[PDB]
Amino acid sequence: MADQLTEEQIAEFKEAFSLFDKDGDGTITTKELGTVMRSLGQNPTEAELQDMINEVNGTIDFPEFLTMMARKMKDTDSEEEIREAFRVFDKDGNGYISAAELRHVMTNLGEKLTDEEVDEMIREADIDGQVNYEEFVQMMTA
Amino acid sequence: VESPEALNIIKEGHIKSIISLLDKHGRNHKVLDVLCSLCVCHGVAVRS
Amino acid sequence: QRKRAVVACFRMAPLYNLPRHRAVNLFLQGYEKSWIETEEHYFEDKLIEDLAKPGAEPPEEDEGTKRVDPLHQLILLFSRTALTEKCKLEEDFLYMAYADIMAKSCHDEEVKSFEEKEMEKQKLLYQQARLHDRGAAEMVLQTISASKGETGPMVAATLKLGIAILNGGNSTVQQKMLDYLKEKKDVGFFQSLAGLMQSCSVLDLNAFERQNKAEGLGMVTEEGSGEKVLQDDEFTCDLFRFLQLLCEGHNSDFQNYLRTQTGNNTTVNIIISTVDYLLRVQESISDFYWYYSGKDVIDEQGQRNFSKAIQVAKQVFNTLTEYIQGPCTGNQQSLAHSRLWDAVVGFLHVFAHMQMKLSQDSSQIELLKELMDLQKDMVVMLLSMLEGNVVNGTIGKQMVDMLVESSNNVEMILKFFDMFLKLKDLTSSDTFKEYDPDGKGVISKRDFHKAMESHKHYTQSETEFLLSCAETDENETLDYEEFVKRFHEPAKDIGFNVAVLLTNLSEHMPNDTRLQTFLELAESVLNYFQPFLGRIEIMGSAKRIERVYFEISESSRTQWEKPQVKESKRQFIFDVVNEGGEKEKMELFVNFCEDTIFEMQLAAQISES
Amino acid sequence: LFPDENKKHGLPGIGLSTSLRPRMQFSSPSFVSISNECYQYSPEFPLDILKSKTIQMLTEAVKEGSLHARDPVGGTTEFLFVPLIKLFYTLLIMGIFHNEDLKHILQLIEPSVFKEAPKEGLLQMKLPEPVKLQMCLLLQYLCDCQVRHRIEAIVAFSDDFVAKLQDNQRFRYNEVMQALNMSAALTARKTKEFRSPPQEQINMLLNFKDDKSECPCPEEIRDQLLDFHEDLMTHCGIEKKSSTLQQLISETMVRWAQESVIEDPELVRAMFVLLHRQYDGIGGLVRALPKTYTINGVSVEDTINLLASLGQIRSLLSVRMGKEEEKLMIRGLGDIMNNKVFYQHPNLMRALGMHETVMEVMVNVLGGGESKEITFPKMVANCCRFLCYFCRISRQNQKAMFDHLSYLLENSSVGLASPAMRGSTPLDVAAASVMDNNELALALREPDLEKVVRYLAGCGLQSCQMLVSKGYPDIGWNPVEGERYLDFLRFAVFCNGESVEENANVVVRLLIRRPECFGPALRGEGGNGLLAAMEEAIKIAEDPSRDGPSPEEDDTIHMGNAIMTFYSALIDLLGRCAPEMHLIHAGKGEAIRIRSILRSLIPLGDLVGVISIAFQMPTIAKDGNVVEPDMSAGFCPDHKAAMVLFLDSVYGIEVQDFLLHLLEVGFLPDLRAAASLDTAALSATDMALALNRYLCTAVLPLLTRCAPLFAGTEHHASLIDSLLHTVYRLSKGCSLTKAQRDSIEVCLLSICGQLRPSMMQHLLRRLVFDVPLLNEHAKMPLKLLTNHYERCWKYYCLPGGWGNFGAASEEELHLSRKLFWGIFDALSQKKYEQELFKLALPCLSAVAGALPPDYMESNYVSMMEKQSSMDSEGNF
Amino acid sequence: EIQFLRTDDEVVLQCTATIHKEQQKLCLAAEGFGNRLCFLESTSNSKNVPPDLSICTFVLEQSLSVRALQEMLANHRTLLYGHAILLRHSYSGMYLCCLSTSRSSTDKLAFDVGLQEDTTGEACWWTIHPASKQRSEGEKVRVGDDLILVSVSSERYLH
Ligand SMILES: O=c1[nH]c(=O)c2nc[nH]c2[nH]1
């Protein structure tokens, strides 16, 4: 999580918090959080209010608000990733990477150490080549 | 001049006693120097 | 987590996707790291000359006294700041800047002839005089003393300045430093030296393992190379180089003062502290070798850690050699009774095993060269220990005991040197030259094995070990020219000191069967080095006859054997024996030596092959 | 960089400067007003009049001193020049002078050098030493102006250079994508640039200064960068009168030093600093570029506000801390929190170094009365909260904060025992400095953990002075602080869901060296044990007197819950420090030793008993309202979560007898209680949510992992059918998150898959009633039935049976037929849904395949079927 | 000249106990025959009761470093602080070791020290560590110096 939020959506979060303004702590209460959530567009439940509210008085400062928002929203950020991943190479549409391209993308871009590609395909012979980007990435990570 | 710790001991009563020394003994510049030391010590100002 | 780094690598978004200001900031940082920092210009010598030049020293219209020059004023300011008593030596940006400037001004930096060699010596002396004529040595000592044993950029800059002004063994700078120390009775200087040498770091295997774990878990070191291992190798090397330069030139006054401060209330034994640090670094090197022993290959990070540790150990060995050369009998006794022998035993074990390990691999040539250069320095230090010894001396007995303790490692080293010294008469044999009718120089593995079997001087184990060490080729043919240049050339260069040490020990301990065993083990190495081991006897400074061992070049032997030199020798012998008086016979002999030294150079010039 | 093509330096200060600078504001001094808001900002003064008078007076003084008359203003040359030059330098620092005034004052300083493109300037008029020092300050400011102009020009060029570089990089990316199919092999090497961090990308893109043909940067871009670099070098002076400020300053300093022996060390230092600055123009940029940041126009106002707040905070460092100054800096810290630039530009924040400023503030506050109770605990808390958020902002910020670990750990005992101050202590700052960062966790040293262990030992040996002063019972140890130290050790040893082996081993070794860190129990020599200690804590919580001080929680500590939390934190830390299964299998001696140590420390029976300890269910009462036990004053499922973690990590579950015994002692009662808490009123209670979280986080995943142990389990049919019924009822219960529901689905599917076919009859009976509804909850039962019938089709179709398992009892067949017909009718009469149909069709196919084609429709129904217990909604 | 401990030497392990505010010297002893467990024999009352040193005398069969011990387990030394030693009972011929079983007198996290025939495993090996700050790791063992022994298997001290 190295600044997973960008200036744009942090700025929109900024007007959303400042719509009640009022020195920041003021008018940012428990009831206002659901209002700002469904002004942004997402609909959390009453429990999805109470969990954050009693995890944190009732007045929420901007640092804590942005921290909880970033923590929850740091997900579903791989969509454009996989889009670009299959758009880069293997344009035939089969969605499967050849053994040569698998070796070529394992050639470490920052570590520069070789033959671990061949080791991985040896240890994943069944996966082989016919290997898809997405199911490959969640097989390959934990 | 030397001890900042001893400067915290000085209070309103001591400052007013020094000012009364100015009032009673006349014009002495050493009293003004002491007041300057009370105001500023080692580059750190004492607002009180 | 390496897999996590890989997926983050795929998910990364490029520069053209990045906004303009973010990329501008990143480019600013990269530009600063790559171009501005790497930009270098040389101004230190000119600046120091301008500062040292007095201005209008006739037109001042004062005539009261000679005003101190700007450089003198700056040095006085720094010296007064150092002399001002404080609990801690505060960091001074002006001090780092100008100490670096003066250090870079006092060096002004193939084959060089005598004329330009003393040109450079005179220039260096003048540049060092520009500083030490204005209190630079005293200021350096004051800063070191005020450091109070705390390592930092101040101590680093002060040590660099001291090295710059002490390069070449500046006798005047040494005398000034000693006079200041004796006059001030500065125990703080020696206490700070001891504290700094204690604070010097060594190889950290735990830190290396943690760094390796971090690298293996896929997270890349965004900063430079991991310096947590051998935190300040340059600082340690500079400190021990300064200590060595204090005693450079066999300056007995420092050689004794560092051991003991006679006129001071308290005394610190710099010699013992140095040997303690040598023991520490030897233990670190041995542990790191034991970490890498099981592995077949050594990575680049490990190899560079070996290189830095080897450089540090070499500097410490040179410092000890400068301590004991002389002779300085007090320092010799101190190191004889110190823990030097254990460190030497550990180094011998490391050398004996690492030579065999790194010979097989073809990517550790530089590491092997560094290691055996360290071995040569260690043997030089041992010879300096043996300096001034008598027959059946205590130091000789102790060194024979050390060899007995390291019997296995010594035997392996001797076998290594014999094995890589027989390569010349293996290759030059006609039974080998017939395998290669042309001068191309490539020979097959099968042919080279058969020639080594037919030579009958290589056993089967040696034959297979040289085959393992042989450089593989796609055509399975090795260039024995590059093979011998890679392996035999380090021999006859590092093995000569071992041969000299063995000969000295044998001649000064004539009744030691333990040493006799090593002599029979090293029979062939001594046989090879006989044509090059020059042996004379001189009238020593201790009012005793001392035997001296040195190196004779085969080129020198050839020029001596050339007919014109022989005719000159015959004429000289007749002249001195018949009519030459015995009163100035040695004078005539030295004159004949100098004329022959020139005649042999001329013969080498005229001869061509 | 240069005003025109003729590359000659312009007059310093003159030009267009766009760098952000503090706003200049003044208040009118009026003593008839009662506003009280004028006490901000300095009082006003006529700045134009002051500027004009200063210029006129400086000109007059220069002309008068050129004559060397014996009548200086004030009686001495120092009295004439030092105050006037001080005022002039102050105005120049303020930036009041503009254009013509700057030209005039520069010509006064040195007419020859500062010509615009019999008269002697200040620099060559035989000035005294204080005047020389002030002139050195003035020349220092001029050099600073030159450096700032260089920085601005560098940024100006950098934009267009980066824009062109980005455009060319996009073009190269597109051409690589187009030539992909032909090139094949080299595509990876061309995309290596597009798969490296942007810092590395720019590093290699700029790596063409000397040779290094390994640079994708084109010739035109390379030439542009080289030309700008040459121009910058020329401006810096790296590569006939002086004609230059640098040459003029160098000559002036050398001439002064060789003309007089300066008796002022400050003057000597200033002169030589100025000379080194002139000779090290590259060093100025080397120092300036790291502190150079660029922003877009939209962020200008926010950046200015943040800089004003930072300036106020920095200025408060020069005044002694008091109530008013503490309030001011708290307000400034809050303003810096609220400013969005603090989150958008952590690199800018670090370059400004406000973390160091707040760190110095905390150092000052602690050092003031470190011996006695710390003054301004509110300020300490605010500083610590700021540092924690600063750590959370970015990883680089966390690494920068890591350098101050020693001080934070030294002062870790600031406010540990005070509640409501959590996350506002130096211990919390250190924990944030190492939390979820594998580099920093591995970089943690052994002395730091030794200090933490020593503090934990002190807490376990001695009570809390503040608590016993407030009136809490004087037990012989400090659970409140021990728990926080244990939490810091947990953060040290556990990172990113993985256990740091080195830190775990070090912590375990230190803990076993100092056994008093385990609390009064587990020490031996009279210690009772984990189970006995937790029962004692239960009794303490039940008895008010030993719990509170007995003179909103506020100052209440709930000492029983404190003891429970301390023991739970210790158990969790040890469990996270436990070695891993792959290392144990490999046979690491250290791992085996650590596992043996932990096993000997914590007996398995104690863990089993503590898990078997029951909770306090919320109870509905008269008036139709629920009474709820307090979370903070009693036993919590978070406590048993640590027990489950330790039992799984150290002892592990690898045998069916232990698995089923643990299920029947500890897990099934909790599952049954959570299922019983599924009514509408009790579902939102704290007990229910906490228990559901604990179950779906620790118990159900453990059962999923140990599912294969349910292979041969014929005799404990009642137990592991009660388990299935409780799991299904709890799944049907509402107020469960998506993750909890998915965990329930996975656990139930795995257990049923590993179970025997003949013994899930009761679960089939429960499902035959709920599946035909085909509501939202039905997807898990449809998947379960599909998998069960696909795996156990032979148990029904073949007359002989699957094997030793047997065959159906004919009421299983009746239930299966009823399920098939109900699903068929529901899907026929149900409106089309994509996923629902896609899940229902395989279930129908599996049931149809499982049912024997010649199965007889039982006109004689099962043996007087007992559906009396079955009900609508209530079901019981 | 203070003598240094060398492998083929017989030694006795003495300890001081200030029981009932009186110093007593106790030698570590064992029977071996029918009693594997170890005990302590008083030597301070030698003028009134003869100590039995035949069961207290130990021999240092081997003295190998930690790395050497690990290598040996995988597949005339002079004693140096840091080596792992093999203390063999002179009478029984068996070796000092930390027994897996414990007397369980509220020690809980401790074992018992006795004798066993087999040298296999790390139970029989003990590592020497310096007593005070003057002595360091890696220097020779002196006759008059105090030391602390750490069991290799149980990482515990003789207590
Ligand atoms: O002192 C010297 N004596 C010589 O004979 C000689 N030859 C070269 N260089 C020399 N130096």
# chains A, B, ... in the order shown; residues from 1 in each chain; ligands from 1
$ residues_near_ligand --ligand "ligand 1" --cutoff "10 Å" --atoms "only C-alpha atoms and all ligand atoms" --output "count of residues only"
12
$ residues_around --residues "stretch 119-136 of chain E" --least-positions-apart "3" --cutoff "6 Å" --atoms "only C-alpha atoms" --output "VMD selection string"
chain E and resid 81 to 86 96 to 98 146 to 153
$ residues_around --residues "stretch 356-370 of chain C" --least-positions-apart "5" --cutoff "9 Å" --atoms "only C-alpha atoms" --output "MDAnalysis selection string"
chainID C and resid 293 296:298 303:304 306:307 310:311 351 375 412:413 416 465:471 486:487 490
$ interface_residues --of "chain C" --to "chain A" --cutoff "10 Å" --atoms "only C-alpha atoms" --output "list in words"
residues 1, 2, 3, 4, 5, 6, 7, 8, 9, 10, 11, 12, 13, 19, 215, 216, 218, 219, 220 and 221 of chain C
$ select_by_dssp --residues "chain A" --states "helix (DSSP H, G or I)" --output "VMD selection string"
chain A and resid 7 to 18 30 to 40 46 to 55 62 to 73 79 to 88 99 to 106 116 to 123 133 to 140
$ interface_residues --of "chain E" --to "chain D" --cutoff "7 Å" --atoms "only C-alpha atoms" --output "PyMOL selection string"
chain E and resi 106-109
$ write_last_selection --atoms "C-alpha atoms" --output "CSV table (one decimal), in the first residue's frame"
chain,number,residue,atom,x,y,z
E,106,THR,CA,7.9,-27.0,40.5
E,107,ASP,CA,10.8,-26.5,38.0
E,108,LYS,CA,8.3,-27.2,35.2
E,109,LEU,CA,10.7,-25.6,32.5
$ residues_around --residues "residue E:87" --least-positions-apart "3" --cutoff "7 Å" --atoms "only C-alpha atoms" --output "JSON list (two decimals) with N, CA and C atoms, in the first residue's frame"
[["chain", "number", "residue", "atom", "x", "y", "z"],
["E", 58, "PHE", "N", 35.90, -35.76, 36.90],
["E", 58, "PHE", "CA", 35.46, -35.80, 35.52],
["E", 58, "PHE", "C", 36.66, -35.66, 34.59],
["E", 59, "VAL", "N", 36.50, -36.14, 33.36],
["E", 59, "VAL", "CA", 37.53, -36.04, 32.33],
["E", 59, "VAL", "C", 36.93, -35.35, 31.11],
["E", 60, "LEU", "N", 37.71, -34.46, 30.50],
["E", 60, "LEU", "CA", 37.27, -33.71, 29.32],
["E", 60, "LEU", "C", 37.71, -34.47, 28.08],
["E", 61, "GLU", "N", 36.85, -35.36, 27.59],
["E", 61, "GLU", "CA", 37.24, -36.21, 26.46],
["E", 61, "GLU", "C", 37.46, -35.38, 25.20],
["E", 95, "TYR", "N", 28.93, -40.31, 30.58],
["E", 95, "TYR", "CA", 29.09, -38.90, 30.25],
["E", 95, "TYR", "C", 28.00, -38.06, 30.89],
["E", 96, "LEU", "N", 28.39, -36.88, 31.36],
["E", 96, "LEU", "CA", 27.43, -35.92, 31.90],
["E", 96, "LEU", "C", 26.47, -35.47, 30.81]]
$ residues_around --residues "residue C:308" --least-positions-apart "6" --cutoff "9 Å" --atoms "only C-alpha atoms" --output "PDB file with C-alpha atoms, in the first residue's frame"
ATOM      1  CA  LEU C 230      30.981  -3.956   7.409  1.00  0.00           C
ATOM      2  CA  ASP C 233      35.181  -0.376   5.959  1.00  0.00           C
ATOM      3  CA  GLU C 234      36.618   2.819   4.480  1.00  0.00           C
TER       4      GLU C 234
END
$ interface_residues --of "chain D" --to "chain A" --cutoff "6 Å" --atoms "only C-alpha atoms" --output "JSON, numbers by chain"
{"D": [188, 192, 337, 338, 394]}
$ write_last_selection --atoms "C-alpha atoms" --output "mmCIF file, in the first residue's frame"
data_model
loop_
_atom_site.group_PDB
_atom_site.id
_atom_site.type_symbol
_atom_site.label_atom_id
_atom_site.label_comp_id
_atom_site.auth_asym_id
_atom_site.auth_seq_id
_atom_site.Cartn_x
_atom_site.Cartn_y
_atom_site.Cartn_z
ATOM 1 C CA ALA D 188 10.466 -9.017 -22.640
ATOM 2 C CA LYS D 192 11.483 -4.548 -18.762
ATOM 3 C CA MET D 337 -4.055 16.807 9.598
ATOM 4 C CA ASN D 338 -6.984 18.432 7.806
ATOM 5 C CA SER D 394 3.653 6.166 3.247
#
$ interface_residues --of "chain B" --to "chain D" --cutoff "6 Å" --atoms "only C-alpha atoms" --output "number ranges by chain"
B: 44-46
$ write_last_selection --atoms "N, CA, C and O atoms" --output "compact mmCIF listing (two decimals), in the first residue's frame"
# COMPACT_ATOMS: atom_id res chain seq x y z
N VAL B 44 15.35 31.25 23.59
CA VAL B 44 13.99 30.77 23.80
C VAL B 44 13.24 31.84 24.59
O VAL B 44 13.67 32.23 25.68
N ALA B 45 12.14 32.32 24.03
CA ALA B 45 11.35 33.36 24.67
C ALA B 45 10.40 32.77 25.70
O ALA B 45 9.90 31.65 25.54
N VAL B 46 10.16 33.53 26.76
CA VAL B 46 9.22 33.15 27.81
C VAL B 46 8.04 34.11 27.70
O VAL B 46 8.13 35.27 28.11
$ interface_residues --of "chain C" --to "chain E" --cutoff "10 Å" --atoms "only C-alpha atoms" --output "list in words"
residues 279, 283, 287, 290, 339 and 342 of chain C
$ residues_around --residues "stretch 35-41 of chain C" --least-positions-apart "4" --cutoff "7 Å" --atoms "only C-alpha atoms" --output "list in words"
residues 31 of chain C; 209, 282 and 286 of chain D
$ write_last_selection --atoms "N, CA, C and O atoms" --output "short mmCIF file (atom, residue, chain, number, x, y, z; two decimals), in the first residue's frame"
data_model
loop_
_atom_site.label_atom_id
_atom_site.label_comp_id
_atom_site.auth_asym_id
_atom_site.auth_seq_id
_atom_site.Cartn_x
_atom_site.Cartn_y
_atom_site.Cartn_z
N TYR C 31 17.78 13.06 -11.69
CA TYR C 31 18.79 13.95 -12.24
C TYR C 31 19.82 14.33 -11.17
O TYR C 31 21.03 14.30 -11.43
N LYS D 209 24.86 9.87 -19.32
CA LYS D 209 25.78 11.00 -19.19
C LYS D 209 27.12 10.70 -19.84
O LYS D 209 27.68 11.55 -20.54
N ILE D 282 28.25 23.38 -7.34
CA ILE D 282 27.55 22.12 -7.52
C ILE D 282 26.95 21.64 -6.21
O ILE D 282 25.83 21.11 -6.17
N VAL D 286 23.32 20.18 -5.06
CA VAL D 286 23.25 18.87 -4.43
C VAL D 286 22.43 18.94 -3.15
O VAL D 286 21.68 18.02 -2.83
#
$ atom_distance --atom1 "atom CA of residue D:503" --atom2 "atom CA of residue D:603"
23.6 Å
$ interface_residues --of "chain C" --to "chain D" --cutoff "8 Å" --atoms "only C-alpha atoms" --output "MDAnalysis selection string"
chainID C and resid 9:10 12 14:16 20:32 34:37 39 41 43 50:51 54:56 60 67:70 73:74 77 94 97:98 210 214
$ atom_distance --atom1 "atom CA of residue D:810" --atom2 "atom CA of residue D:866"
15.4 Å
$ residues_around --residues "residue C:327" --least-positions-apart "6" --cutoff "9 Å" --atoms "only C-alpha atoms" --output "list in words"
residues 250, 252, 384, 385, 387 and 388 of chain C
$ atom_distance --atom1 "atom CA of residue B:36" --atom2 "atom CA of residue B:5"
16.5 Å
